[PDB]
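# Fold and geometry: a report
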Amino acid sequence: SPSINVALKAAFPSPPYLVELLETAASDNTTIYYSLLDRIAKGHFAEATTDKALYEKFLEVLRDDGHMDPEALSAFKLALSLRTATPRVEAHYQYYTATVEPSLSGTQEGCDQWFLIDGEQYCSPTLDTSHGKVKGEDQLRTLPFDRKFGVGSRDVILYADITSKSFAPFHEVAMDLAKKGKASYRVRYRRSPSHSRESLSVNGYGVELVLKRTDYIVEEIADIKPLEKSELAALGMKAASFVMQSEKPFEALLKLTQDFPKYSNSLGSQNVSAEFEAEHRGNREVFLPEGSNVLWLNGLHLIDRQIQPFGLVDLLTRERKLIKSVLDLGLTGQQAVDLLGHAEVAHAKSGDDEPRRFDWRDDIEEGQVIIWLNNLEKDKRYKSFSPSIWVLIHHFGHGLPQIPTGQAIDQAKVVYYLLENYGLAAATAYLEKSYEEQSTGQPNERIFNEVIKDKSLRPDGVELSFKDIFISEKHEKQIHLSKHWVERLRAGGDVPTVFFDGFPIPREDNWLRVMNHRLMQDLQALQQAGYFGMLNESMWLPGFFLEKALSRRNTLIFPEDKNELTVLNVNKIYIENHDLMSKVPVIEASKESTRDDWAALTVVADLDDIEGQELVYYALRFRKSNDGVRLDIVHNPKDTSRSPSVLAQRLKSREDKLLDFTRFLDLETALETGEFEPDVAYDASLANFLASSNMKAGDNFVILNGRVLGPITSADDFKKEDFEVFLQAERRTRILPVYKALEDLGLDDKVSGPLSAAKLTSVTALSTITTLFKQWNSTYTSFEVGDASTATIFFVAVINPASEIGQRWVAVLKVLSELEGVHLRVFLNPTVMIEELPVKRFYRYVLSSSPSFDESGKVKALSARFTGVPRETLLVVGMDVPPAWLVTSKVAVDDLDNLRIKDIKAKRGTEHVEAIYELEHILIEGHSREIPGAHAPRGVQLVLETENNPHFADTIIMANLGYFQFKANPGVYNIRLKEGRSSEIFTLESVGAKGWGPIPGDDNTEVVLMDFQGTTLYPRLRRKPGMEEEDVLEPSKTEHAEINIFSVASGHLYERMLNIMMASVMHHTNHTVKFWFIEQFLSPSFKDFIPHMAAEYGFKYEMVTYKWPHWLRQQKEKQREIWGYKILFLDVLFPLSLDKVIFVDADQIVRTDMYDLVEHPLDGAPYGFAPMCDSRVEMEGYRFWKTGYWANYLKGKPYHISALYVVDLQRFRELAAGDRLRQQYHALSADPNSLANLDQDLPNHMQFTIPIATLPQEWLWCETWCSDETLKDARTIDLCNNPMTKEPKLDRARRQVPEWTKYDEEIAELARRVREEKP
Ligand SMILES: *[C@@H]1O[C@H](CO)[C@@H](O[C@@H]2O[C@H](CO)[C@@H](O[C@@H]3O[C@H](CO[C@H]4O[C@H](CO)[C@@H](O)[C@H](O[C@H]5O[C@H](CO)[C@@H](O)[C@H](O)[C@@H]5O)[C@@H]4O)[C@@H](O)[C@H](O[C@H]4O[C@H](CO)[C@@H](O)[C@H](O)[C@@H]4O)[C@@H]3O)[C@H](O)[C@H]2NC(C)=O)[C@H](O)[C@H]1NC(C)=O
Ligand SMILES: *[C@@H]1O[C@H](CO)[C@@H](O)[C@H](O)[C@H]1NC(C)=O
Ligand SMILES: [Ca+2]
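Let us look at the overall build of the protein. Secondary structure summary: the protein contains 40 helices and 42 strands in total. Oriented by its inertia axes, the alpha-carbon framework of the protein measures out at about 110 × 90 × 80 Å. Going through the 1319 residues of the protein one by one, you find that 51% of them count as buried. Roughly 64,400 Å² of accessible area belongs to the protein as shown, and the carbon and sulfur atoms make up 51% of that amount. Taking the 153 positively charged and 194 negatively charged side chains of the protein as two groups, their mean positions are separated by 2 Å.

Right, dumping it as structure tokens:
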């Protein structure tokens, strides 16, 4: 059985297992954390000798103390396997090593643990002696990995090595100190020297074995893949049946999908067709197309990018908390999910995606407020352009079908008057003259009188009123009616509001862009009504939108920031604060009212303020009208030290008599009368409620069915009419869809009142901040795993057996199916359209559902082991790693790009291959924006730093999404703008570590990574005083080497040729040279060899890499990836400190001193290339760059070669050439046959937009296109492809160049010299 084994190890040592289990066990719950910290401080976990025993002990403890149930325990095992907590612990260590140790005064011997109080270190719990005054920045800032126990004026921090017994007494000193309330307690970690410096073995990634020869196409134990004629069509269909027939189908799919290329000809055997599933063709015809992969998690639709083990563990965790909340009202997990993803519920989300409009009309203000800028039927511009509705309906494309302040008050009077008697043009005239001549809003009669004198065009109708305005009706009615319009729709303030077809669009940045989007969306909405005959010939088009429009607009109910929405769990509120909610004044909703009428309202208000008590009167008024509402009042006062229980006690006595207040003073007087004893138990539950609900003191809030609006600054903002619309809108979206769906399932017996109903509606709203597949028959295409009756998690997978994406999905889903309380149901849907081979690779996923232990009890390493490997097939090893990870090969003796078992058996003697990779870096990536006119600042330079070193890394901001990235490991970092033009123009207020926001408390520039998902940021940069400047326009040798050359090689041969290339440079120059390599495409054999090349030849080297952005279009073929790396990331791949770089292609040899290329002036161009040889006389026919596409495009410009080129990096960055290359590539890449060789084709396609300096032809020689006479004056040779010959590259080198062997001999003896340095 010939096998292949691949493993991955992290760039940091494995933290002690004990501390890892503490962190994994208490994911984010602090009570579990310190409750377990007590247990290990007893010395309770000291008797467990091995990792297995230690793990075993935690299971009994968590179960016994009530921390976890079976479902949460199973989730703990999987998260523990994933080693999710390891980077979180390493964050503590990096912080401790880089900021604590260099800032700590005093000798450290005996000070294993020590509290830090007021910049003083105490090595003893008794606090007798202080060793030092700690230097550096403030350590008391609360950062992401911190935990706090208790509230205290003083802040105490304990840096402990938990492993030893010396920890226990220190802990108890501050645990009790926090329990009393003297100070707040928090624990930080210290690197424990008891543990070894062994690296960490990781999992949650995939390995692929790609077939590199796919040209072929016209039982167990196979030698090679046999290719067949165009009978591919049945592969998916027959493959799907095989599984159904097996009767252990889950295992069959995994076994088939992992080694699929090998089983191709093995399919179609033993009466294979068996189309019993002929009824399920209707399944594919009604909902999803054939061959498509779709996954659902309790209705939630997931794409491939969202399917990572780390991200999926967090989804289950969030989902269980949500469902447990539901099943406290007697609902099964099955009933609960069914209600959440019900059709009537999903319809409401789509319904509220469709915007609601507001009545912008003059009708209320008697038509004397808004000035109609244009008129389509009476303007004499559009008049004759067909006045028909069918002109609008019969349309396609993007064409147009046709048919506050004092000065403002005065100028409104002026314009209004001037319009009324004289007309629009005369009013227009005043405005235009005022703009140029006076240039201010202030009323000018010197300018006004001139307008009456010139534009006095027959003022008909009502007579003129002359020069001065103070009209009792004109000034009063018109101006105050205008104010009533602005107020009604909240169209003023700091940010005014524009209304397009009754849709509010705030006057900010690119509102026209938003307007255009709705303009097209409204047009398509009209067309569909017209085709169905909904519309008629005599109709006003704007009134179709005004059908459901509301007259008044409340910014609280309908915020312009559509994200702004907050809902609380109602069930939680009445069990957490039962002491409070059983003593609040409650007006029960009438029992003799209907379920549809039912709703639950709670008003939180400061009754010691006029606004707070005004708001309650309106709520009481609203309750008289609506018999179905159940009201609560509570009382939240701003003033502290005065008991809130007294005013609540005043009202609960009058509770029976509530809403019998003929006038407002009756409520005012009820608050003042009565003598009461403060229930201090009530006061305690009251302040706990506000803390849980994140509410401040003296702030007014309104809660209907869990949804909260507030804080209410003025009670005039929320009136009786505002409660009615709030109930109307809320009712529609959340209450009505819950009621229908609930009744359809037959759960409408569980609703016993308004409070009972609110629990359900409030929970379903929290779920989003579909069950369309239940229509499908399941008998012949589906299979289930896990108990549906007990399961809380329901997975629905729709996998196509012939897909490569399916390979990953099955492997991950099998491990998640092993969890207790999870149900999985699978659908197989293949395609009949198979033009090429469906799966061209073997796949294995490294993941375990529970930790694995050694024979010695240690934690087992996790690996991808392939056991069904064909001996004669050429394979490529690839890593399918989570997006935040950067991975390279570290240990391998064979060529991972060219694997063959028969050659390894004939050279090494073994049919078993082992390779190890390294998770070298984890990404810090973000999306930047300018402030306040938010756009991507391109060309901006950034620096990442740490307290130890102020220059960890550097990158530049991209145009697309303001993208940037850094390569880093767990720890505390900071982002500063690079010294120069960047800091001159900008200042960055924040790095968006909390979200898009701004969330309060995020005015920070600190970044920390404590997860395998890296760190996602949304930084903000605001321009410095009065700047419209750009980093482009006016207001390396010492660091690296004389010459900087970069290259890339794929195979052992290309790496061997790369060794020759570097040597030829060295022999041919008495200068300093530095070599740069694209790190991830090189072999470990080459990687381990270079220091020996560097010692012999006297050069410097540096490994560089960049991770292919998620937005940027991928390359499925690795050779295409390599080409992209040479052209797409030139500006970001190399550090800012380097002035220029030169690319030389691996199969090249150089006879010249390479400095000359540096000194060559590039005539203000960012990069320079050499053209194709014309010298060969008889080669012409195969010169394709003088034909059709290339000759039409390159009218006079040359066809350049990407074998050798210069990049003036400083100018490249300055010109921002990279951004243009990237977006043109992405745009061109939609067509698959777009770039044959992108590396050559992209600079050639961009040479008119981006200048290309052309090089002397002395710089390149190739036998194929240059004459033999030419080689005497040749500087460098590429070894250009045949193309009509058969001689290989090894042959050309020895025949074409005689000194090639001399270079090869030097490397050969050195390799042997190195080989004898191991026994
Ligand atoms: C962080 O992790 C910890 C640990 O898991 C969680 O903290 C603790 O969780 C446990 C549950 O695992 C809590 O105790 C349980 O409480 C339930 C509920 O019953 C009643 O008791 C509550 C107080 O314990 C109280 O809030 C409610 O009481 C009502 O009635 C009183 C009447 O006087 C009234 O005053 C209140 O206002 C309430 O109206 C509540 O109804 C209880 O059922 C549990 O008993 C279990 O016992 C065994 C297991 O030992 C089991 O066999 C039984 O079936 C039963 O289920 C248990 O007492 C504990 O109070 C929590 N402590 C803290 C500090 O939180 C924490 O919730 C996690 N947080 C997060 C975010 O995950
Ligand atoms: C489900 O199966 C029945 C026969 O049992 C068939 O009539 C029906 O059309 C099928 N539905 C779909 C969507 O294929
Ligand atoms: Ca070459």
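So, on to the UniProt feature "binding site: UDP" (unreviewed entry) in the protein. If you check UniProt for "binding site: UDP" (unreviewed entry), the listed places come out as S1050, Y1054, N1281 and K1289 in our numbering. We classify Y1054 as partly exposed; its relative accessible area is 31%. Residues within four places of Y1054 in sequence aside, it is in contact with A1049, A1146 and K1289. Along the chain, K1289 falls in helix α39 (residues 1289-1296). When its relative accessible area of 13% is taken as the criterion, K1289 is described as buried. Non-local contacts of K1289, meaning those with residues more than four positions away in its chain, are made with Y1054, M1057, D1147, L1279 and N1281.

With that out of the way, let us pick up the site of ligand 1. Close to ligand 1 lie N29, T31, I32, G66, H67, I575 and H578. The contact in question runs from an oxygen atom of ligand 1 to an N or O atom on the backbone of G66, over 3.4 Å. Backbone polar atom of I575 to an oxygen atom of ligand 1: 3.4 Å apart, as the coordinates give it. Relative to its free-state accessible area of 1,300 Å², ligand 1 is covered by the protein chains to the extent of 24%. Within the shell around ligand 1, the residues separate by chemical class into two nonpolar, five polar and no charged.

Quick look at the UniProt feature "binding site: Ca(2+)" (unreviewed entry) in the protein now. UniProt marks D1145, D1147, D1278 and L1279 with the feature "binding site: Ca(2+)" (unreviewed entry), using the numbering shown here. Despite a sequence span of 135 residues, these residues sit close together in the fold, their greatest C-alpha distance being 9.7 Å. As for its position among the elements, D1145 is in the loop between β37 (1141-1144) and β38 (1149-1150). Looking at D1145, the relative accessible area reads 15%, which means it is buried. In this structure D1145 touches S1047, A1203 and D1278, once residues within four positions along its chain are discounted. By the secondary structure assignment, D1147 is in the loop between β37 and β38. Setting aside residues up to four positions removed in sequence, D1147 forms contacts with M1057, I1277, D1278, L1279 and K1289.

As a further point, take the nonpolar core. Of all hydrophobic cores here, the largest spans 101 residues; its most connected members are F795 and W885. Residue contributions to this core peak at seven residues, all from helix α27 (residues 805-817). Inspection of this core shows a minimum of three residues originating in each of domain 1 (13-199) and domain 4 (928-1023). Residues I1043, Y1155, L1255 and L1310 belong to the second largest nonpolar core, which totals 62 residues.

On to the site of ligand 2, then. Every residue close to ligand 2 is listed here: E279, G282, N283 and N777. Between ligand 2 and the protein, one listed contact pairs an oxygen atom with a backbone N or O atom of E279 at 3.2 Å. Between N777 and ligand 2, the recorded distance is 2.3 Å, taken from a side-chain N or O atom to an oxygen atom. Burial of ligand 2 by the surrounding chains reaches 45%, relative to a free accessible area of 370 Å². A class-by-class count of the residues in the shell around ligand 2 yields no nonpolar, three polar and one charged.

Looking now at the packing of helix α30 (residues 1052-1067) against helix α31 (residues 1084-1097). The contact between α30 and α31 brings their axes to 12 Å, and the two run at 15 degrees. Classified by the interaxial angle, the pair formed by α30 and α31 is roughly parallel. α30 and α31 meet at a crossing whose hand is right-handed. Across the interface between the two elements, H1052, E1055, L1058, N1059, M1062, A1063, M1066 and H1067 from α30 touch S1085, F1086, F1089, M1093 and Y1097 from α31. Among the residues making up the contact of α30 with α31, the classes are represented as eight nonpolar, four polar and one charged.

Partitioning the protein into structural domains gives domain 1 (13-199), domain 2 (363-544), domain 3 (570-761), domain 4 (928-1023) and domain 5 (1044-1311). The C-alpha centroid of domain 4 is placed 44 Å from the C-alpha centroid of domain 3.

Moving on, we get to the sheet that holds strand β39 (residues 1167-1171). One open sheet holds the seven strands; their spatial order is β36-β35-β34-β37-β40-β39-β41, and the pairing between them is mixed. Single-partner strands in this sheet number two, and they are β36 (1100-1104) and β41 (1252-1254). The sheet shows a mean angle of 30 degrees between the axes of neighbouring strands, direction not considered.

The rules we used
- Residues numbered from 1 in each chain as written, not as in the entry; some residues may be left out.
- Chains lettered and ligands numbered in written order.
- Heavy atoms only, no water.
- Helix = DSSP H or I, 4+ residues; strand = E, 2+ residues; numbered from the N terminus.
- Buried < 20%, exposed > 50% of the residue type's maximum accessible area, 1.4 Å probe, protein only.
- Areas by Shrake-Rupley, 256 points an atom, 1.4 Å probe, with all protein chains shown as cover.
- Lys, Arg positive; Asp, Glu negative; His and termini not counted.
- Charge placed at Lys NZ, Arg CZ, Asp CG, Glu CD.
- UniProt positions renumbered as here; feature names shortened; annotations may be inferred.
- Contact = heavy atoms within 4.5 Å.
- Near = heavy atom within 4 Å.
- Polar contact = N/O pair within 3.5 Å; in protein donor to acceptor, adjacent residues only side chain to side chain.
- Nonpolar A, V, L, I, M, F, W, Y, C, P; charged D, E, K, R; others polar.
- Core = buried A, V, L, I, M, F, W, Y, C linked by side-chain atoms within 4.5 Å.
- Domains from an automatic or database assignment.
- Axes fitted to C-alpha atoms, helices over the stretch in contact; angles between N-to-C directions.
- Parallel < 35°, antiparallel > 145°, perpendicular 65-115°, else oblique.
- Left-handed = near helix turned anticlockwise from the far one by under 90°.
- Pairing = 2+ DSSP bridges.

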